[PDB]
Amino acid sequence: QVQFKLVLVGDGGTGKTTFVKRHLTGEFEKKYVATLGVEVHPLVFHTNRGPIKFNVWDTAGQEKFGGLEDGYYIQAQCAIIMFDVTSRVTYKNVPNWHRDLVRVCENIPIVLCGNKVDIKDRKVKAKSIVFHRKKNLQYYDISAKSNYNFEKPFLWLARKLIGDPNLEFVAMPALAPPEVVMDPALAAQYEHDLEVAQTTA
């Protein structure tokens, strides 16, 4: 099978568990591995070139108590580092998560996601999101509770791993129905503001 270990990391409380859980089959088929303090969710996605399975590793909360063991990171073939757009500290801690990860796994494709963009009161705006630039990471705004941009990180990663820049998803996996509305106007403003921030580089 055409699988990839994906490591999902970032501060406690940023929405990691909530985000992996959108993918309903992935949630139903998860596998808990107590030796490592993890739930591995098999998130299958279907591309114009067939299926790709991301085995997403979700913590059991130990990130609140400290850093993650070598256990968690080894063999990762990709990753998502998450922060909370309503907390500057969580963004401020991004560099530390990236450093812990690349320590074990040097040349991985990584996406950075700013979560909870459904919240009107946004603290970490596009202009302040610079970490990913010099590190060659993709960035996406995300709202786990509304599925907003759910696919984006996975689609960019599938492209890097398969080596097809044109890959697309032919159908979406069944997702948990949006629990909160993502205001369409905020989405439009934010996507552009990222594009405006990128041209100051």
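Residues carry their position along the shown sequence, with the first being 1.
K.L.:
Averaging C-alpha B-factors over each stretch, which comes out higher, 127-135 or 89-97?
P.N.:
Comparing 127-135 with 89-97, the higher mean C-alpha B-factor belongs to 127-135.
K.L.:
Which is higher on average in the deposited entry, the C-alpha temperature factors of 59-67 or of 148-156?
P.N.:
The entry gives the higher C-alpha B-factor average to 59-67.
K.L.:
Comparing against every modelled residue in the chain, figure out the third that the C-alpha B-factor of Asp141 lands in (lowest, middle or highest).
P.N.:
It belongs to the lowest third of the chain when residues are ordered by C-alpha B-factor.
K.L.:
Would you please rank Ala187 by its C-alpha temperature factor against the other modelled residues of its chain and give the third it falls in: lowest, middle or highest?
P.N.:
Middle third of the chain for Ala187's C-alpha B-factor.
K.L.:
Test of reading the entry: by CA B factor among the chain's modelled residues, which third contains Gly37?
P.N.:
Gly37: CA B-factor falls in the highest third of its chain.
K.L.:
Using only modelled residues of the chain, where does the Cα B factor of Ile162 rank: lowest third, middle third or highest third?
P.N.:
As the PDB entry reports it, the C-alpha B-factor of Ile162 lands in the highest third of its chain.
K.L.:
Taking the C-alpha B-factors as the PDB entry records them, is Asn115 in the lowest, middle or highest third of its chain?
P.N.:
For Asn115, whose C-alpha B-factor we compare with every modelled residue in the chain, the answer is the lowest third.
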